[PDB]
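Have a look at the structure below, then the notes.
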Amino acid sequence: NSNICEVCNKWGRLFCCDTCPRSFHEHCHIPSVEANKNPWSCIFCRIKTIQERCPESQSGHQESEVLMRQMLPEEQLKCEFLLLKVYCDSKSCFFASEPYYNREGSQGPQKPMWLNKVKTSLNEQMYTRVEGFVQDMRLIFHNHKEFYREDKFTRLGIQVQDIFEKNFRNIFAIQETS
Ligand SMILES: [Zn+2]
Ligand SMILES: [Zn+2]
Ligand SMILES: [Zn+2]
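Taking our numbering, the leading residue of the sequence shown gets 16, the next gets one more, and so forth.
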């Protein structure tokens with residue numbers, strides 16, 4: 016097994032996957048690492064199994080169809096993994112916890128949003144369709160762009176949104192386009 020957490024790249028109290036060499040902090044894994052279960056298989060492994068059990072699941076899909084999917088177990092997992100892929104980027108730190116807004120010339124967003132809120136909402140099964148999760152994720156970056164205006168800090172939202180979108184297209188096998 017690796018000696019650092021796959022998500023945050025730090026050592027510490029790590030839980031090791033039984034079917035691959037990755038390791039995790041308890042609350043870095045999504046869902047949080049399960050109490051018992053020997054062997055234990057990480058989210059990366061669980062996602063790989065879905066693809067292996069249904070190879071045709073990798074054929075191209077339309078985003079509009081993906082968004083309307085109900086949050087059955089496999090879609091729940093895919094959103095958990097997409098969320099985790101964002102937290103894998105160190106720039107996710109800026110979007111993790113509850114923001115506050117007091118900048119001359121800007122007004123805060125009407126609906127603030129942040130990663131840990133999305134994480135809780137997934138854990139509490141508050142999304143009934145993939146669309147709910149994706150909307151909240153895109154809202155994080157849209158709020159940031161609007162608030163920061165011409166400050167160069169706006170670029171951090173563009174950057175982390177790009178990680179989200181690339182991973183969304185990979186995990187849900189969105190049809191490639193020009
Ligand atoms: Zn970690
Ligand atoms: Zn694994
Ligand atoms: Zn099949």
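We put the CB at the ideal spot given by N, CA and C, even for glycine.
May I ask you to list the residues that DSSP assigns as paired with residue i?
| i | result |
| --- | --- |
| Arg144 | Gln85 |
| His76 | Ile189 |
| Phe30 | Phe39 |
| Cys20 | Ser38 |
Going by alpha carbons, who is nearest to residue i out of the options?
| i | options | result |
| --- | --- | --- |
| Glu95 | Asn131, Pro36, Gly75 and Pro54 | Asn131 |
| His159 | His44, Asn117 and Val22 | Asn117 |
| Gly123 | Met83, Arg164, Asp151 and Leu98 | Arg164 |
| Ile65 | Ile186, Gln190, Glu191 and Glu21 | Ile186 |
| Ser121 | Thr135, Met152, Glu161 and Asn138 | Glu161 |
| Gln140 | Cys103, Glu80, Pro46 and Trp26 | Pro46 |
| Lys25 | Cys103, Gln190, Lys52 and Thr192 | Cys103 |
| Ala188 | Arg61, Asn51 and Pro70 | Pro70 |
| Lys52 | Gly27, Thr34 and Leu137 | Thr34 |
| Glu146 | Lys106, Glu191, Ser105 and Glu80 | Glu80 |
| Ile62 | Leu82, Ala50, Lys106 and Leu99 | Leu99 |
Under the assumption that residue i contacts residue j (Cβ atoms under 8 Å), give the Cβ distance between them as a whole number of angstroms.
| i | j | result |
| --- | --- | --- |
| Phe30 | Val48 | 4 Å |
| residue 11 | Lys126 | This structure cannot settle anything about residue 11, because the visible part of the chain is limited to 16 through 193. |
| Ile173 | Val101 | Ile173 to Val101, Cβ: 14 Å. No contact. |
| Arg144 | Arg84 | 6 Å |
Once the 5 residues before and after residue i are set aside, which same chain residues still bring their CB inside 7 Å of it?
| i | result |
| --- | --- |
| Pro36 | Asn16 and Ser17 |
| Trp129 | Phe110, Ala111, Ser112, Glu113, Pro114 and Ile155 |
| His42 | none |
| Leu97 | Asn182, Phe183 and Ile186 |
| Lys106 | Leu171, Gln174 and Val175 |
| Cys23 | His40 and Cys43 |
On the criterion of 16 or more Cβ atoms from any shown chain inside 10 Å, does residue i qualify as buried, or is it exposed?
| i | result |
| --- | --- |
| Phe168 | exposed |
| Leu87 | exposed |
| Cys108 | exposed |
| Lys134 | buried |
| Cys57 | buried |
Using a Cβ-Cβ cut-off of 6 Å (strictly less than) and excluding sequence neighbours within five positions of residue i, which residues of its own chain qualify?
| i | result |
| --- | --- |
| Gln176 | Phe156 |
| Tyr142 | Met86 and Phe148 |
| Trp55 | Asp33 |
With a threshold of 8 Å on Cβ separation, who are the neighbours of residue i within its own chain once the five nearest residues in sequence on each side are excluded?
| i | result |
| --- | --- |
| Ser38 | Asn16, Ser17, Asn18, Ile19, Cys20, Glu21, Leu29, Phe30, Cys31 and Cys32 |
| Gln150 | none |
| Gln190 | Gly75, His76 and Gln77 |
| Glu89 | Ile65 |
| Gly27 | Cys20 and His40 |
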